[PDB]
Every structure is written in structure tokens, then in C-alpha cells.
Amino acid sequence: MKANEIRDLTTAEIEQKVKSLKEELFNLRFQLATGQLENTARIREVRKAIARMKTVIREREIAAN
RNA sequence: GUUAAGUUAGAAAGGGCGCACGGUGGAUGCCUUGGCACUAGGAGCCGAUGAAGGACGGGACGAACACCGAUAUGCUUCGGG
């Protein structure tokens, strides 16, 4: 997964992919708060995903600049 | 069993001296995760590309330490295991 963010398209698809898993994160926090989420570690790994694959965007932008 | 007058062990409310067994308390013994004085070498600055230092906040519960900064208990990317 540490490579796919570079391998796939430059910037376009990562954007709505960010918004999609941010949707997932919001849903995860809501089910956590109401006390129904089971697979907890999902909450960690989605945030890790967000961090890494917007870090990729930042480094790509600065490198291009 | 009476006179009569003489003589003395006897006691324990409690207490004193030793003996035994306990409590408390943290002395002494032993130890060290800290500290002191120094030797040899490196280094002797940081800051508007925002410092030193903080407040606030981040974790599958929530406080505190430590780490971190809304990419928040971390990440990408060269290595070592």
C-alpha cells in the first residue's frame, strides 16, 4: 500500500479517495461513539492511510515545484 | 476452753525489681535505579524558512508520564535487524 499511492494516477483520484475514506472515518467515529463498531483497529489504519497518501501529495507537489 | 499478756509467718486495692511474650517506630546491617569530582575526545550556538519556553489537544475507555501536532501514540524513504 506504501507504493500504490505513487503508482496510481497523479492527483485526481487521490482526492475523492481522500474524501471517501474520510467518510469512512466519520462513520467509524459515529459507530464508536454510539457503541457499535467492532473492528476497532480500522479507526487507526484509516487515519494512517489518510496521513500517508496526503503526505504523498505534498511530497509530489514540492518535488514538482 | 474460758481466761490474761506476749510473740510472730499471713494479705495486694494496686505498685516495685528481674524473666518471658507482644505491639508501636523506623535506628542499624546489606544493597542501588541516583549524585559528586574528574580524565580523553567531539562540540561550543539557536531565531521572521518564526527560536528558547509554554498553553491547548491526539490513544480501543478517561486522568498522568513520555511521544506527537488536526498527516497528532505519528508517516515517506535511504539504510542496519
# chains A, B, ... in the order shown; residues from 1 in each chain; ligands from 1
>>> interface_residues(of="chain B", to="chain A", cutoff="9 Å", atoms="only C-alpha atoms (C1' of nucleotides)", output="JSON, numbers by chain")
{"B": [60, 71, 74, 75, 76]}
>>> select_by_dssp(residues="chain A", states="alpha helix (DSSP H)", output="PDB file with C-alpha atoms, in the first residue's frame")
ATOM      1  CA  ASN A   4       0.120   2.259  -4.722  1.00  0.00           C
ATOM      2  CA  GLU A   5      -0.368   5.953  -3.932  1.00  0.00           C
ATOM      3  CA  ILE A   6       2.603   6.767  -6.155  1.00  0.00           C
ATOM      4  CA  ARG A   7       1.766   4.120  -8.757  1.00  0.00           C
ATOM      5  CA  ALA A  12      -7.167  13.386  -9.390  1.00  0.00           C
ATOM      6  CA  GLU A  13      -8.206  10.016  -7.962  1.00  0.00           C
ATOM      7  CA  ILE A  14      -6.458  10.527  -4.628  1.00  0.00           C
ATOM      8  CA  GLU A  15      -8.748  13.493  -3.970  1.00  0.00           C
ATOM      9  CA  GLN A  16     -12.101  11.731  -3.953  1.00  0.00           C
ATOM     10  CA  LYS A  17     -10.287   8.756  -2.425  1.00  0.00           C
ATOM     11  CA  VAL A  18      -9.375  11.068   0.491  1.00  0.00           C
ATOM     12  CA  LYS A  19     -12.972  12.184   0.784  1.00  0.00           C
ATOM     13  CA  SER A  20     -14.205   8.586   0.608  1.00  0.00           C
ATOM     14  CA  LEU A  21     -12.100   7.234   3.450  1.00  0.00           C
ATOM     15  CA  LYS A  22     -12.732  10.420   5.440  1.00  0.00           C
ATOM     16  CA  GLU A  23     -16.394   9.483   5.060  1.00  0.00           C
ATOM     17  CA  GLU A  24     -15.452   6.041   6.350  1.00  0.00           C
ATOM     18  CA  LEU A  25     -13.588   7.603   9.289  1.00  0.00           C
ATOM     19  CA  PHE A  26     -16.563   9.788  10.189  1.00  0.00           C
ATOM     20  CA  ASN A  27     -18.836   6.749  10.092  1.00  0.00           C
ATOM     21  CA  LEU A  28     -16.352   4.831  12.241  1.00  0.00           C
ATOM     22  CA  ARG A  29     -16.258   7.585  14.860  1.00  0.00           C
ATOM     23  CA  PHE A  30     -20.063   7.729  14.946  1.00  0.00           C
ATOM     24  CA  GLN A  31     -20.474   3.985  15.451  1.00  0.00           C
ATOM     25  CA  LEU A  32     -17.709   4.123  18.061  1.00  0.00           C
ATOM     26  CA  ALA A  33     -19.490   6.902  19.943  1.00  0.00           C
ATOM     27  CA  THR A  34     -22.830   5.084  19.878  1.00  0.00           C
ATOM     28  CA  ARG A  42      -9.882   0.100  11.429  1.00  0.00           C
ATOM     29  CA  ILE A  43     -10.016   3.529  13.093  1.00  0.00           C
ATOM     30  CA  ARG A  44      -6.229   3.588  13.352  1.00  0.00           C
ATOM     31  CA  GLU A  45      -5.427   2.236   9.906  1.00  0.00           C
ATOM     32  CA  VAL A  46      -7.794   4.559   8.029  1.00  0.00           C
ATOM     33  CA  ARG A  47      -6.118   7.529   9.710  1.00  0.00           C
ATOM     34  CA  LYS A  48      -2.712   6.080   8.828  1.00  0.00           C
ATOM     35  CA  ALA A  49      -3.885   5.775   5.228  1.00  0.00           C
ATOM     36  CA  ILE A  50      -5.026   9.409   5.210  1.00  0.00           C
ATOM     37  CA  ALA A  51      -1.692  10.561   6.598  1.00  0.00           C
ATOM     38  CA  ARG A  52       0.456   8.594   4.165  1.00  0.00           C
ATOM     39  CA  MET A  53      -1.483   9.295   0.978  1.00  0.00           C
ATOM     40  CA  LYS A  54      -1.701  13.014   1.578  1.00  0.00           C
ATOM     41  CA  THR A  55       1.966  13.044   2.551  1.00  0.00           C
ATOM     42  CA  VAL A  56       2.477  11.580  -0.916  1.00  0.00           C
ATOM     43  CA  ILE A  57       0.566  14.507  -2.432  1.00  0.00           C
ATOM     44  CA  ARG A  58       2.636  17.038  -0.510  1.00  0.00           C
ATOM     45  CA  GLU A  59       5.973  15.499  -1.479  1.00  0.00           C
ATOM     46  CA  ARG A  60       4.874  15.188  -5.102  1.00  0.00           C
ATOM     47  CA  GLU A  61       3.842  18.832  -5.193  1.00  0.00           C
ATOM     48  CA  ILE A  62       7.076  20.125  -3.661  1.00  0.00           C
ATOM     49  CA  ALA A  63       9.185  17.861  -5.889  1.00  0.00           C
ATOM     50  CA  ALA A  64       7.360  19.155  -8.961  1.00  0.00           C
TER      51      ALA A  64
END
>>> atom_distance(atom1="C1' of residue 70 (chain B)", atom2="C1' of residue 55 (chain B)")
16.4 Å
